[PDB]
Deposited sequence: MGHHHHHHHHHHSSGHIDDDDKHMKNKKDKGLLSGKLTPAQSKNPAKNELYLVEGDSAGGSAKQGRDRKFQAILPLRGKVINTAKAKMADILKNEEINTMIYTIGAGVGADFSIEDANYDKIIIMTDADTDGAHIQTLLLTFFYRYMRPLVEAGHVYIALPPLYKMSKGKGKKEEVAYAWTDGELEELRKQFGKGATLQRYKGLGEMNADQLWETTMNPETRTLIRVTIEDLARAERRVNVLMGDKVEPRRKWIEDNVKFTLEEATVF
């Protein structure tokens, strides 16, 4: 068990935290409310569930233990009522690679647990950028300063107050809006074909 479980079993208020890294995973375990919050450290970039084969995809530790810790199975053999959490919360570093990780998890949950993302069950924590403020605008209102480089530089105390506490936190809630233009986006950014992607970048990415 790489997992740290919630003390009492309550699929109605229970929360699963997928944290980028064992290190941040530590602060998450320490800062949490253990009654209803579980912690699952993801160790390394998550496998791309579009590019890889459903063979290797199911032989993956990070994937395989989420398939189990979540308790609903995967694919079409998947019941959303046998689940274990009301909210699955992805908590990554506020960096580029955290962005990348959010991306590889989102595509897994879309490709292989679509109902969970469809019932608005999958979230994304928003750790603070500054010391608190999240926007470049919110720091100028405080101006009347430490810049956070990772959750690994965050104390368990602070992590709670700022991003884990359901009273003092902000979670982006993933909602599959237009299934078809959403399917185009995942399949173009994460698919086997490079040229589509390259062009999507050439077209949407402002280098300057």
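Which deposited-sequence positions, grouped into ranges, are missing C-alpha coordinates?
Those parts of the chain that were deposited but carry no coordinates are 1 to 34, 166 to 177, 191 to 197, 262 to 268.
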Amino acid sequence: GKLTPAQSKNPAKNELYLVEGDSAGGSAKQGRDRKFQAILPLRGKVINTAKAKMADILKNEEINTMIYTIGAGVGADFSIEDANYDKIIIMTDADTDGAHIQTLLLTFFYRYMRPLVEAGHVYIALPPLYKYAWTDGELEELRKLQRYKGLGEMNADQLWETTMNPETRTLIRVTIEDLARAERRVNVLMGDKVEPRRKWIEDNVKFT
From here on, numbers count along this sequence of modelled residues.
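Among the other entries of this protein that model both neighbours of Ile89, is it absent from at least a third?
Across the other compared entries, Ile89 is absent from none.
When the other structures of this protein are compared, and only where the residues around it are present, is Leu129 absent from a third or more of them?
Per the records, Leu129 is modelled in all the other entries.
Report the stretch with the higher mean CA temperature factor, choosing between 23 to 31 and 178 to 186 on the basis of the entry.
Looking at the recorded C-alpha B-factors, 178 to 186 comes out higher on average.
Looking only at CA atoms, which has the higher mean B factor in the entry: 55 to 63 or 36 to 44?
According to the entry, 55 to 63 carries the higher average C-alpha B-factor.
With respect to the C-alpha temperature factors reported in the PDB entry, which of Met91, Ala99, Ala83, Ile88 ranks highest?
Highest CA B-factor of the listed options: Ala83.
Chain thirds of CA B-factor: placement of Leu104
Lowest third, going by the recorded CA B-factors of the chain.
Taking the values exactly as deposited, rank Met154 by C-alpha B-factor within its chain and report the matching third: lowest, middle or highest.
Middle third of the chain for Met154's C-alpha B-factor.
Chain-relative CA temperature factor third for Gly191:
It belongs to the lowest third of the chain when residues are ordered by C-alpha B-factor.
Lowest, middle or highest third: where is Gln146 by Cα B-factor in its chain?
Top third by C-alpha B-factor.
Within this chain, which third does the Cα B-factor at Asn165 fall in: lowest, middle or highest?
As the PDB entry reports it, the C-alpha B-factor of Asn165 lands in the middle third of its chain.
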